[PDB]
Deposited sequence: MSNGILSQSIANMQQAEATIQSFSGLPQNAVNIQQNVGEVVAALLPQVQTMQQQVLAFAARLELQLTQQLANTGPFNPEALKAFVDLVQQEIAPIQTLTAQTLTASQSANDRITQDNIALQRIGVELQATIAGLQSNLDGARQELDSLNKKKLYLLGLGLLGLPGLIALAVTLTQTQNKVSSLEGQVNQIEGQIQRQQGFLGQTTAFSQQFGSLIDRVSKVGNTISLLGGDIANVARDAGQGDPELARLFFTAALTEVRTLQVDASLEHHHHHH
């Protein structure tokens, strides 16, 4: 039903949470910029398109029902002079629609490409962790060993003082190795975390944008049909065009 309106609203919310991230790679920054432009420029034009499409279709719908009801002389002078009006009225709305479609598809494609790039970076950060975690795990088992050595020696009174002094050097060096490795592993885990949340949002935005483009393409196709004898010619024609305006009010409904 109100799929345009719902898609728009959901796109606005996703955009707001997309702008809220900082310190991300360039591929993310590209999406933040493009998404900015989509919401400030394309979504207003979709709203505009919607109104104009509904206004146009309601007015032609009346006029087609009027023409089905008329009587008097079949007047080929009237049909071509009517049709020409409809092709003229329709022309700029067909343009607005196609333009919207092309620019929307163009923008979505770039988000798709930047998302794939962003996932590539994601898996490569995962690979950097594997190497360092390995080191860390080892440093941590050594540290556990030293911390237990320490409590042992403390139990031995003064006999454990020589052990304890020698031990204290090593503990210091292993605590600093652990500190530095855990520090680096945590920084990278942070990046992955921020990025995965960021891609959640841009995937949600892209899916919504995809529903909007599908509706826009559908509206565009119906318009192409409208935009493109004997008495019971016109009946069948006007009857056929009426069907198309009616699906237009459904397809572009508020």
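Of the deposited sequence, positions 1-2, 231-241, 268-274 lack any modelled C-alpha atom.
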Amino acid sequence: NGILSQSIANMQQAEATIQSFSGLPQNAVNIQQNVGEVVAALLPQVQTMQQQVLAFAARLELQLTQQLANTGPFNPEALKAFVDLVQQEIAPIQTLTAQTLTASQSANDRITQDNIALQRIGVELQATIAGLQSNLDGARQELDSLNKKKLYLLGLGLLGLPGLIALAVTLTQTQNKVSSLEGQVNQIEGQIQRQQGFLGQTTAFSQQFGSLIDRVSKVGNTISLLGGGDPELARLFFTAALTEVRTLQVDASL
From here on, numbers count along this sequence of modelled residues.
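Across the two stretches, 35-43 and 64-72, the PDB entry reports the greater mean Cα temperature factor for 64-72. Comparing 111-119 with 87-95, the higher mean C-alpha B-factor in the PDB entry belongs to 87-95. Note on 125, 79, 178, 103: the highest value goes to 79, judged by CA B factor as recorded.
In the PDB entry, residue 228 places in the highest third of its chain by CA B-factor. Ranked against the other modelled residues of its chain, the C-alpha B-factor of residue 6 as given in the entry falls in the middle third. Placement of the Cα temperature factor of residue 183 within the chain: lowest third of the modelled residues, per the deposited record. For residue 16, the recorded CA temperature factor ranks within the lowest third of the chain's modelled residues.
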